[PDB]
Each structure stands twice: as structure tokens, then as C-alpha cells.
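Peer 1: Just passing along the structure, written as C-alpha cells.
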Ligand SMILES: Nc1ncnc2c1ncn2[C@@H]1O[C@H](COP(=O)(O)OP(=O)(O)O)[C@@H](O)[C@H]1O
Ligand SMILES: Nc1ncnc2c1ncn2[C@@H]1O[C@H](COP(=O)(O)OP(=O)(O)O)[C@@H](O)[C@H]1O
Ligand SMILES: [Mg+2]
Ligand SMILES: [Mg+2]
């Protein structure tokens, strides 16, 4: 189900509620929106007032708002007014950069994984017609690359590059209420460290939560996968293999798990019930790819001038779909939530996009 | 090269493939930038420990690591003074036209022979395995090039001598 | 140029420019120029005094003392006639042209003056060859070290003549290249029929130089050319003298030419390397 | 009895040559270089790779023009050089055949245009130190050499360091002021039009306005410019109608000689007698990018430097360079500069009233010999100065630091 | 050879 | 042509 | 440093391989060809010089020249190029890793040996090497200590009488006649038949023809008479272009030049006469042993029936009171290489090598005293 | 080759009649060049070397460098593409293959014959080339009789006139009894 939207890479992707609209960063000072047309994709809009590079996008299932969180230490909350899109300036008080962003299930606040050693949380205010920003800086010691949220919206996990993957506890009493009892802790006030990684296991590039809110998993640059099971006495499970570093995290159900990265194709994992150990699953996407070429009498002589005439586009990665699918940027979900996920999509640094399935394989 | 160079090439190729992974990291220390981290040496947070793949005292290679770039430095197997001179001159002539390469540096690391450079800006606009293949191929072909240069200079000396002696 | 020339073209050019307008009345064209050539010798052209009707040429030979001791009376009348006068600059041979007297020849005189350095250098080698030819008792061997720190020695016995060369290289870069260059000099003989034997020695100086205080050391090679009358008679004498005198600069120039050749070859190979690299960029 | 150093002034046009401590550049030859190239087709992966000794089988200089089986290929093009292997070949050929100087026991001074990039200077210095092993080297802009040579015009004993020089060139003519030995770095402008494109325009017009010449012997026909055949013109249209009215006495004739069949061919001389040299003050004719005169450029560059130096600078403008040999050039430049400066002074006085009268600014152009070559004498005096032997970069400096010692430029600094 | 026969 | 054939 | 490489610079072919293997790993002819035409196409700047099987394949547009002529090198650049090719492209083994063994014909000029040693020690900086004789290696391969060697190579034919534990340097005879002269004579006679061949490509073609359709004749006159009845001896060969050439008497005429050098005009004697003279010059007692053992090697002695003719001629010349035996192993082509490999494998020979230190301190003259 | 180059000049000749015409042209207006490069340079100054020939139809053809280009093919067979050597090289190789003592006599006597060696200056060029190749210690002489065209016929007539040769002939009786193979053994 491969498709191409641009030769150059793409930074981040965002989708709407009906999976009919797409957001693609062209690796330039703008962002584009693509819409479905029968069985085809075509450009619809063109949003641009940012003079820097965009590196984070997200979508609101109900509010239909889009946030551009990137360089220039700024962030604009896009909203739809009739048949056109307009910006909404926000203030974040950042000095270095901002990469990743994420909204909340209830659409009341959004967080930015800023590169200034700080994590910012903001909420809507009608008084000054602005977006106020708070800061979390106590335990943070380096950049944060991945953020994920919990149903109640009070627990936040902010992966960083300091061997740690920590949950936080943010509660703005202005637009938040007391959450129900949770196994983790006490839902303490904003700006505090709840718990830290058990030990040093590589950096962090992604995080994933569960509907029951009792299991957290993340990946690392050290070719490792972790699963913090809080239902038990903070049982921690680990797994490793010879695969290249992963750069994404997501799971299907309470036991499944999915990930992708420089391996160029999806890799599937699973978690046991009581054994406290994971396992491995190989190329759940498909068996393998194929390769082809042509004579190209013009090319046979065109390539000899610069490259060798006998040379060609064939590569060892053609057989296992490792030729053009250069790396994987992140992952998303298609249907429902993180319970069944009948379909899953992934982003590619090649500048394209692709879709997959979880039941079409039919074991 | 099965019994002489094959294992060395395999090991260095595997190391490069593992360390060829790169990603874009917004500048953490200097306002807003995406400049290479290895050259700056600002934060030890991103840097990875150096590695070396070598089998003799006078020949060596170095493999660096970072989010933005990976740097590799080689040391050739030069024995005689003519070999050193020819290697230096050939590398200098390679430097003088390094702009078209888009991969190579502009001056070798101190105390070492030529070194290369990679970045996230050179990984998508260019293929991945082709670059490592080219680095390998250069490593093998250096000896051929130096031997060919040596025989060429010897032939030149022979021809000039023959041309002069005829007059007598 | 392959065989380095012996005629300095600077004097040829300046004398041609002067003489082409000579028949134009009272035209002094005061000239005062200083030059330099191989062997670390300085030339000088300058009028003797305010009288610009006479032009003088002089030399600053390093080993001039040996020439004066030997005596070059042959050179004072054979090649140079009455237009040679006692030294002025530094006790070194200096000539002048008398413009008031009609100069009949134009090219012959200029050519004769062009080879001044070799013309004076031959005074010793040709005389040694005459000594061995005439049957006179073999004249005592002599050593002639010119401006270069190296040395030259010659032995003139009966039935043959000998010459040995001492080589010194200054920069460490060119030492090995010159060693390689001279290694194949002693062997290349498949394209020469009537040519002398050639040999190379650096570790063991020849037994001839043990007594003589010639160039002795460690990083010094030796080259000897055996001489026989078949290539040292009155016909093939000038050619041999020119070849031996122009030996040093010949080696130097061809070393630089080889350097340029290898530079060109590596520059050519860079293109092949770039072509191989270009396989990484997409279509 | 110390050996003199060597003086060389390389460039796009006729390369000057000779030794230091002398009053006349002995050798003045073009940059033409021969080569045994022919028609291969594989010319971008083996440019030449001449087998055996054929690599050096090439002549040089005036003798290289009359070799009709090789290729005359100029290596230089208005300072910048594409391939420098030909330059190295020319340098070795000259030093050995013509100069006959051993590099290991001599000092070489070289001259380059001010716009030369640092890379070219660095790499040529590296080439010299590697191959020639010259003990010392020094590179400097040619303006100061021209200023030093200008002292011979009158009153040599009267030291006069201030002034400005607008030098010519085969492909470049530059403007550089001097303020008591110290020049201004930012007040330098590079002019692309020079004494070559002028001849291109001359031949282009001639190939249509006249017939009776062979394609080969074109430049020799186009070199009427170097003859008495070009006068400058205070007015353009006036002389145009003068020619179009009489067109009998003002027209000259050419009597060149063919170099192949030895058959005489003649052509008349028309409007090109002045248009070429007039292009200097109207560069828009040839180069569309640079639609900017010269005299106004001179005043602008002289008006972008401190107040205390503006006054003496206008008083000393040196006429040095081949392209400046045109008659009445100085009169036109002086008159234009005087007009513009007087107008500026009057405008400045108009806004602020006063019965005073400032002493008029004096602008004078000096005509003298040495115009064809003003860089050689400067290099000779450069070599003769003992301090040159101390400022020259040494071998050990290049040994480990690299060839960056020659990267110093007058318009750079951090 | 050098004398006698070619080689 | 000039000799042989027309052209 | 586990094994050594043995290279045989044959006058017409090069054999190389590792020390220990029973068969060579590289067998290509000594050809150094260069383009003869101008070249027009732009998409190829390829290899101004050509060497090896590549030269054989594209020989139609190249001026093939053999670097080695009759056992003595004429062009050193070509030999260095072939050495580099064999070391790198084919063997893919660096010179420093292992030492090299070289072989040469007897009675060769000392200049060739000194130049070869100097080039090997300077250019490739081999850790150590040695110089030997093909005949002694033939003895080692044959597993015998006494006999007479008939090393009839492509460029030189020579004999070296030997006895138990010692040799006889004063009874060595070298004959310039070899395969190249036979090929030239074959071309000359093929001209008399009606087929013309001049250039080097047709030289290779005629070489193959001789390799495939030549044999020796027990009796010359009887074979000529049977040729007069030419209805059972003529054979046909298929040329690359498809033309068919019929060869009759030429099959058994060219080989007879070995026994009758007068055909080419050389004032010498045949191999039988030279071997008889060499054996006679030896001591009387060792003559019996030399007769009882006669080893032959080289690519010029594979013609069927050569052994029988040699035996008949020697018995006719020698007294008819003893027994003369000819030994003709079916692998004489690579006997020299096998002997070199076995000699290198010998434990006692691990110290006889010549290393860089002693060579540099002493000089090139050391090899001269190393086993003559 | 002369036809091919005459094509490059602008004159075309294909059929056999023009072959005879070009043969006559070569017979009348061709000569050898002592130095190829010097002659080419002087041709660059083409004002004293070009010559005109009158065709049967009256057309005039001007021939320049072609006069001294085609004969050079003898010394440079590479022009036609033949991988061989020139006449000088072949003669040097033939003389070298001979015994050392007879080399002096062969050098001292060099007879040439045939219709292809009448080009003026050929003898001088051959002498210069042989002396350059041969050692410069002896004397090399070239003999060029002015009647070499019919030298073979004169020699045949003289041989027939010889009394001793009156018996070496081959008659019908011996030929019939022996067969055609007799001539093969008759003086090779
Ligand atoms: N007397 C002259 N009249 C007109 N043009 C001249 C005259 N002398 C030189 N030129 C022109 O000036 C140019 C040479 O100036 P020059 O500066 O010496 O060249 P370069 O820049 O290499 O030093 C020549 O191209 C020539 O056309
Ligand atoms: N099958 C064969 N039969 C007869 N002669 C052969 C055969 N193969 C090669 N030859 C001849 O032997 C020569 C090559 O054998 P070789 O022993 O390698 O020569 P060398 O002595 O230089 O090693 C060739 O020149 C060829 O003429
Ligand atoms: Mg200039
Ligand atoms: Mg052999």
C-alpha cells in the first residue's frame, strides 16, 4: 500500500478523524494538507506564515484544530473559520528550539517537547485571548524527543536523551479536575518528578500508553525495547536482538506491540502475562518485496558518462523492501484507539507514505 | 582478499553500517541550528565513543558517532618515503576538487590520513549503501593506485635515462 | 626542452635587440643588467664608464682559481680573439665588444658569446684529453668542485680517460626520487651502441677518491663515465662536454617533469574516483 | 656577492619577466602555451595522459604561435584559472629555459589580481614549495608596485606615498587608492571589462563593416588598436556626424600582410578609431551587467574613505597600464572628475549660505613613461629591500602549518 | 641479448 | 564535386 | 606469514600459486598489449594498457608484444605491470603478507638478476624472496636426485646434469631454439602451402594450431613418402571466421626442426646431440646413472612420440650394450611450479631466504653468491 | 591511400579509369620528404609547394601535402592500419638476423630495384634512417642506378646468355617423366 507525496523527506504527519485528510511537512518553511479523491490523493490547501522549519504537527478529532510546533521558538494553533484556515499566536518562552507536540484526548491542553531542556503545557484562556504557557524543568537535564498522553490527561511521559523515560503529573486546576484513583501514584501537582527509569538503557525516541493505563513501553538507540508494567510491583521487562535501532513505539492490544525504525520494515513484539518477558515477531507487514528493471537504451549510455555503464539501480535491499523505504520516522493508528487497531500506518523519511494491516495477514 | 583483507573490510563495513544511522537534532546549545555535532564537540551528551579497526601498526582507521553526523578517518599502509609522498600528493589533489564529492572533508585529521564525513543532509539526497561501498572501494584501490604511480615514475626515469644516454 | 640548452638566450636576445638598431647613428643605449644561470654563477653586463660605445660582459666563476692556476692561453685566441681584456669585476674573465669597429658577423659572434660558461669550463677537460692524446706523461689528476657542495674529479691516464660525479640532494623530499632516478641510469643500455659504461655507487666510494679530498659522506652517490677515444675524438668532443656539463640541471629538470607527470596522472584518476562515487546519487 | 632574487609578473596578457636590480624587463612574452593534444574523444577522464616523454613535447612563448599542428591554449582568463597544470608547465619552462634560475637558491615574488580567491594562492604556493622548493616566497597586489614606479615621473627625492592607481590588464583593470603607504581594503572595486573585450568588439564590428581578410589572421588585423589607430573623444555624436559628413580625410587605411599566401590585403578604418577606447567610459556596450562608468566610480571610491585622505588622493592619479596608453584619456578623466566634484561642492555650499569661497579642489592627471609596465620595477625594488628577505614566508612555515601562510589578503580580517 | 641474437 | 560527380 | 608464493616467469606463460597446493591458481600468458587505433567513442577512457586473458580476448585491435624474449627480459615496464596484475587482480594478496619465489633459466646475465631483485625489494617491499633454477625444481617435483633435465621451454631449452647431492655446472648447455622459432617456421611453411599469417593475432592462432594438430615423426623419410600418398594424413582446422585450413606434412615438419636446426639456418645441433655431448663431458661412472634417468619438462615436449624418437636416437648414438629409459610424466607442464612449492614447503629452506635487512646492508650482489 | 586523401581534399575518384589517372598523377607529381614534420610546417605556409595537373577533361587539380604524404606510408604503415614496420625497419631486422661478419658487407652494398623506388630523395631518406638506426662508427652507402625499372629483365637476359645455364633448363621429357614437383627442387 505504498504511496509517494514528495521526493524530499517529510518531517511529521497528522490525520483527521475520518482518515480523509493528510498533513505532510515538505521539509520547508510551510506545511501542506492532502485530501482523498476517490482512490487518489490531491492537494487542497496551502498554509504558510512560519519562517522556520516545521517539525511537529497534531490534529484534534473534534475541534478540527491543527498546531504547528517547530523552530523559531513559536507555535501557532490553526483553526477553521468557514472555508479557510487562520493562525493563532501562542507564547512558549523558549530559547533553543521545539521539535515534538501532542494534544490531549479531551482537547483542553497541548504539550511541546521543547529543546531548551524544558517541557511546556498550555491551555485555552478567553480573558487575554492568548495561550498561556507553563514550564516543567525540575528533573529534565537534556532534550525531549517523544511525548505521549494518558486518557485522564493528567499523566505525561516525555522521553529524553539521558537514559530516562519518566512519567510526570501535570494538573492545571484552572481547566482540570481531580482525576480518579490510579495505581501509579497520587496525581500530584504540576511540575514534579513522579518516577524515573529503573536504570540506564539507551536513549528514548518514542512512548506508548494503554487504555487501562497500567503498561508503558518505549524504545531506545541501543536496540532495546522496554515495558514498564505498573500493575505489578513496578515489574520491568526487557528484550533485545540484532536489529538496528528502533525509532517508534505503539501497540495493538494489552499484550501486542509494534515498532519500526532504521530496519526499513515493521517489527512486531509481544508481552507475556506473568513471565515478565517479551518475544519477537518478524516482518508482520508482509513476506518480502520484489525487484525489476528495464533496458533503457538511453540510460545505458547516459549512466556511463557519470557512473559505470554496467551500473544500475539494483540493490540488495530490493528483495526485502530495503531499497527505497529509507528508514521510518514514526507510527500512527487508523481505527478506534490502541485496543484493536485493525490498520496501522507509518511515516518514511524517503518523502512518501505507506499503509499496512493487522488482519489481512491472517497468521 | 580472502586471507589478507576480507575480514578487515567486513568488520569495518559492519561498523560503518551500524554507525551510519543518523537523525536531525535541533541545536541544543546555540539558538536555532542544525549544524554537525561531531565537529563542534559542544555537548558530550550526543557523542559516542570512538572505535578503531586495524591490523598493523602503521595502518589504522577511526569511526566516530553522533546524531547529526558520523566521521571516519583512515590511515594508509605506507612503507617507503616515496609511498608517503605519493599518498600525500594524491590526497591533496583529491582535496582540491572535493566540492563535487559532497561527502569528503577539506583537510585530514592531524596525525592521520584522509577522513570522510556523513550527515543527515547527505543520507536522503544520496543513497546509503552506495557511500559505504565507495569508501570500501577506495580503501582497496589505494594500494593499486600507489603501485601504479610507482611503476609510472620508474618508467619515466628509465625513459629519460635512455633518451639521454643515446647521444653519447 | 629535453636536452637543457647551453646557449643562454638572455644574452642572445639582448644583443639581437641592441644590434638590430646598431646602424641607426649615435645610439648608445646605456645598458646595465645582472643575470644568473646554473651552477650558482652570476653574470654582469655594464659599460666600463660613461663611454657607452663599449659593452662589457663578465663572469663570477666559483672555481675560477683552478682555471687561473691551470692557464687557459688556448681559450684566449681560439674562440675569443682580441676582444678579451683583463678581469675587472672579481678577478674573473670579462669580455667586451668594440662597437666603433665594424662588426661584420652577427650570428656567429652572438653564438660564441652565448656559451661563455661552457667555453671556459672546457679549458680543463679538453686540455686533459689533449694530454692523453699527445702522449705527454699523464698530467696529474685534478678535482674541480664548483659552487655546489658536491665535487667533480677526473683522471687522465693512457689508453682512456675517466670522470666521476658526486651527487648531493638538499631537500628530504627529492632525495629518494633522485636515488630512484639514478638507479636506472647505470643500467639503461639497450638503445645505445657507441656509448660509455655507466655505474652507480653510494655506500662505497670509489678507490680513486680515497686520497683525493672530494665529496665524502653518507648520503652522497657516485656516478662514473668511462671515456674512450671513439667518443672523445676531435669530432664527438663538444657533444660529450655539453652533455656532461648539462648533466646536473638535466637531472633536476627531468625530476620536476616527472613530478608534474605524476601530478597529471593522479588528477586523471580523481575523475575515475568521482565517477565511481556518483553511483550514490539518485536518478 | 649575494645572488639576486627573481621578479615575475604573471597575468592573463603578456607575462613580464626578468631579474631584480635591473632597469628593463628583459623578457616580455605572451601566455600562449603549446600542447600535443589532438582529437581524442575521451577527454574528460584522461585529459591528456601523454605517453612517454610526449608530455613535455610542447613549446612556449612567441615561438608557440607559429606551430600550426598543436593547440594554442591560454591558461589564464582575467585572473581566475580553470586548469593550473598548464601554468605549472609554463613556470618550469620559463624558469629553466629563459630565466635559468635554480629555485632552491633563489627567491620568487609573484603578482596576482586583487580578486584572486584565497584557494588559488594557497594551492599555487603549495605547488611552488613542493616542486620548486623555493626558500622564500611573497605575493602582493600590483598597485603598490605601480605607485613605487610612479616616483620616476618627477622629483624622486620628494617622497610621495599618497595617491591612487587604476591599472589596466588583458582581462581586468582595477582601482586601488594608497593613503601614505596604507591602502583602504573596502574601497576597492573590480572592473570586468578590460583591453581584450574591446578588441572582440572591434573585430565583431569589422567582420561586417568590411571584407577582404582571412578568418585566421583576424587578431593581427584587429590590433590596429595598439597602433596610432585609436583616439579618445570628448563627444560621441559630434565626431559621428563629422565622419558621416566628410568621410574622406578622417578615414584611414590598412596594409597588412597575409601570413599564408603572402598576398597583400587592405581595408579602410572607420568608427572604431574611437569607439573602442570610448567603451572604457561606456562599458555598457560590451558587458550588459556592468552599466557603470569609470570616472564616477573613481570619485565614489575616493568619497568612501576618511576626510583627511580625500584631498591628497585626487591630486595623484597615476597613468600606468597598457590599456591606458590611449591618447587624451587623462584629459577626459580629469575633466569629468573636476566637473562632478565642483558640482558636488556647489551643491554643498548652496544649502548653507555664506559669502566665503572655498579653494577649488585640484585634480591633476600625470602622464609619464613606464605605462606599459609598472609592476616590474616595483618587484625589483621589492627584491632589493633587505626586509623582503625577512618578511618572505619560510620553508618551515609551510612544512607543518600548510600553505595558508600565503592566504593573507588586504581586504580580509577577523 | 646485447651482442649476438636480439634479446 | 569539382572532379567526378557534379557537386 | 603462513605460506609463500611461487611465480614462474615463463618465456611465454606465467604460473603462480600458493605454496602447498598441487595445482596453480593463476595461469595466463605473458601479454602486454596497447591500443593501435585512435578511438572515437566518448563513453570509455579504458585502460590504455592491457594484460592477461583480457589481452588475448581483444587481441584484434592491439599490438601484442612479449615482455620476455628467449629467457631474457627486454622491457622492464611490461614485466612490472604483469607482476602488479598477477599480485593484485588475480592473487589479491599483498606482497608484504607472504614472500615470493622466482625462477630463471641458467646462464642468464647477472644484470637481469640484480635488477629483478632490486625491483622486488624496493617496489613491493617483499619480506623475503629467493632465486632458483627450473631444472632443479623439476627434479624436486619428480622425486628424484639423479638424472638429466630437458627443460625445453617456450623461450629457451637447456640441460643440467646432476648427481646424488651435487650438480655439474661445467656441463650445462643452453640452446636458444624454443617454441617461438617453431611458430615462426610454421608460419613460413603455412605460407608455402597457401595460407598467410603475419600479425600477432594470427601468431596466437598458429600457436593454438600447433598446440592442437602437431606431432613428431619416428622416421622423416618414411613420413614424407606416406605424405606423397596424401589420403590419410591431412587434417582440417576451423578458424574463428569459419574458414577451414587443411594441414598435411606441416604437422610433422615443424617439430623436426628441434632435431634438425639447419632448417632455420642455425649452425648448431639437435637436442639429442646436445644431451649426448653433455653426458659425455661428465665422468664415466655417472654416465650409467644419467642414462638410466632422463627427466624432461617444459611445454615444448608434449608432442606425442617425442619420447620414443629421443630414446631411439640416444640408443643409436650410445653403445648398444645397456638400457636407456625415457620418463615422460603426464604433468610436465607445471613440474617447475610443483618443485618450487615443494622446495618452499621444506623446513630447512625456511632460513635460506634473503631478507630486506641483509640485502640492504650487503647489496644486490648477494644473490650472485646465493647458490650461484 | 592517394585516392582516399584526394577525397579529403575535395576530388573524388572511384572507378578503375580514375585509378589509372591517379596512378599517372602519382608517377608524375610525387616525392619523398626528408623530414615529415618540417614538410608539414612548410605546407602550413602553402605558397611554394602546391602544383597543378591537367586532367583529360581539362579540369585542373591542385595537389599540396599529398605529394609527400602517400610515399611516407612506406615508412609508416600505420597510416593504412597495417600492424607492421617500414622498409627501413624490415631491412635492419633482416640484416641483423644475418651473421655478424657479413653485416659489414651487407651495409657496404645495398641494391634496390622496382618501380616503387623511383621517388626522388628516397635513397637519401633510407640512408639517413639506416645510419640513425645502425651504429655511427662505419659508412653506409646507397646505390641507386637510374635504370632500376628493368633491372630484373636485364638480369634475366644476362643469366640466359650464360653458357653454364644452357643445361640448367627444364625440358619436356624430364618434366613428363618426373612431374610438376620437379620445379620445386630446382633451386628452391
Ligand atoms: N600601446 C597600446 N595600445 C593599445 N592597447 C595596448 C597597448 N599596449 C598594450 N595594450 C593593450 O593592453 C593589454 C596588455 O596590458 P597588460 O596589463 O600588460 O596585460 P596583463 O594584464 O597580463 O599585465 C594588451 O591586451 C594590449 O591590447
Ligand atoms: N598442449 C601443448 N602441446 C605442445 N606445445 C604446447 C602445448 N601447450 C603449450 N605448448 C607450448 O609450450 C609453450 C608454453 O609452455 P611453457 O612451459 O609455460 O613455456 P615456459 O617454459 O616459458 O613455462 C607454448 O609456447 C606452447 O608453444
Ligand atoms: Mg595586468
Ligand atoms: Mg619456462
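Going from the start of the chain as shown, residues are counted 1 onward.
Backbone N, Cα and C atoms are what each Cβ position is placed from, and that goes for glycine too.
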Peer 1: For the candidates G:37, G:70, G:272, I need the one that Swiss-Prot annotates as tele-methylhistidine.
Peer 2: G:70
Peer 1: If I go by Swiss-Prot, the feature region 'Interaction with alpha-actinin' sits on one of G:342-354, G:355-367. Which?
Peer 2: G:355-367
Peer 1: Can you check which of G:79-92, G:93-106, G:107-120, G:121-134 Swiss-Prot lists as region 'Interaction with alpha-actinin'?
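Peer 2: Region 'Interaction with alpha-actinin', as annotated by Swiss-Prot, spans G:107-120.
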Peer 1: What's the number of neighbouring CB atoms sitting within 10 A of the CB on residue G:41 (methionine (R)-sulfoxide)?
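Peer 2: Neighbour count, Cβ to Cβ under the 10 Å cut-off: 9.
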Peer 1: What residues elsewhere in the chain lie close to the region 'Interaction with alpha-actinin' (G:107-120), defined as a C-beta under 8 angstroms and at least 6 residues from its ends?
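Peer 2: Answer is 71-73, 76, 80, 100, 126, 129, 131, 158, 172, 174, 354, 359, 364-365, 367-368.
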Peer 1: Please work out the helix, strand and coil residue numbers for the region 'Interaction with alpha-actinin' (G:107-120) from the DSSP assignment.
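Peer 2: Computed counts for the region 'Interaction with alpha-actinin' (G:107-120) are 11 helix, 0 strand, 3 coil.
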Peer 1: Determine, to the nearest whole angstrom, how far the Cα atom of residue G:70 (tele-methylhistidine) is from the Cα atom of residue G:41 (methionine (R)-sulfoxide).
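Peer 2: Between the alpha carbons of residue G:70 (tele-methylhistidine) and residue G:41 (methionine (R)-sulfoxide) there are 38 Å.
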Peer 1: Taking 10 A as the limit, how many CB atoms besides its own sit near the CB of residue G:44 (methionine (R)-sulfoxide)?
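Peer 2: That number is 12.
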Peer 1: Check each of G:41, G:44, G:58, G:70 (the modified residues) against chain E and write down, in sequence order, those whose C-beta lies under 8 A from a C-beta there; write 'none' if there are none.
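Peer 2: Near chain E, the qualifying modified residues are G:70.
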Peer 1: Tell me which residues of the chain lie with their Cβ under 8 angstroms from that of residue G:58 (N6-malonyllysine), as long as they are six or more apart in sequence?
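Peer 2: Within the chain, residue G:58 (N6-malonyllysine) has Cβ neighbours under 8 Å at G:33, G:50.
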Peer 1: Could you tally the C-beta atoms, other than its own, that fall within 10 angstroms of the C-beta of residue G:70 (tele-methylhistidine)?
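Peer 2: I count 22 other Cβ atoms within 10 Å of it.
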Peer 1: Name, in order along the sequence, the modified residues among G:41, G:44, G:58, G:70 with a Cβ closer than 8 Å to any chain D Cβ.
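Peer 2: It is G:41, G:44, listed by sequence.
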Peer 1: Please list, for the region 'Interaction with alpha-actinin' (G:355-367), how many residues fall into helix, strand and coil according to DSSP.
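Peer 2: For that range the per-state counts are 9 helix, 1 strand, 3 coil.
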